[PDB]
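J.: Build the 3D model from these lines:
(chains A and B)
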Amino acid sequence: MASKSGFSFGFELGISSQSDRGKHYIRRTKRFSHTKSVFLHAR
Amino acid sequence: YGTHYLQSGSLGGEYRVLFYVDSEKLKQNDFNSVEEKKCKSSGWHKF
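T.: Numbering: from 1, shown residues only, chains lettered A, B, ... in the order given. The structure is reproduced below:
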């Protein structure tokens, strides 16, 4: 997210204001399961 | 001694084989993607 808001006016007098906003969020998830089964009966 | 005696017959050997194989394979891939944006701008002249 990025937001900007600023004011700049002349009147003598002059006034200026600027506000800067930046925000980032990131999420990752990984899950792994491996099952390997062997049965060997000989007679 | 059982129930009977052998009146006649043949002698020799029996050979039998039963052999069985059963393979199954399954592979499955599911993929999903979502992309979204907003943008906004306001100003006049100064703001």
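
J.: which parts of chain A sit against chain B?
T.: Those residues of chain A that sit near chain B, judged by C-beta under 8 Å from any C-beta of the partner chain, are A:6-9. All C-beta spots, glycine's among them, are computed from the backbone N, C-alpha and C.

J.: Dump these into TSV; add secondary structure as well.
T.: As requested, the residues of chain A next to chain B are arranged in TSV below (DSSP: H, G, I helix; E, B strand; the rest coil):
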residue	secondary structure
A:6	strand
A:7	strand
A:8	strand
A:9	strand
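
J.: TSV for these, including neighbour count?
T.: As requested, those are exported to TSV (neighbours: other C-beta atoms under 10 Å in any protein chain shown):
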residue	neighbour count
A:6	12
A:7	11
A:8	12
A:9	12
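
J.: Return the distance of the residue of chain A found nearest chain B relative to residue A:34.
T.: As assessed by C-beta to the nearest C-beta, chain B sits closest to residue A:8 within chain A, at 4.8 Å. Residue A:8 sits at a distance of 62 Å from residue A:34 (criterion: C-beta to C-beta, to the nearest Å).

J.: Same question for residue B:44.
T.: For residue B:44 relative to residue A:34 (C-beta to C-beta), the value is 61 Å.

J.: Brilliant, that's me finished.
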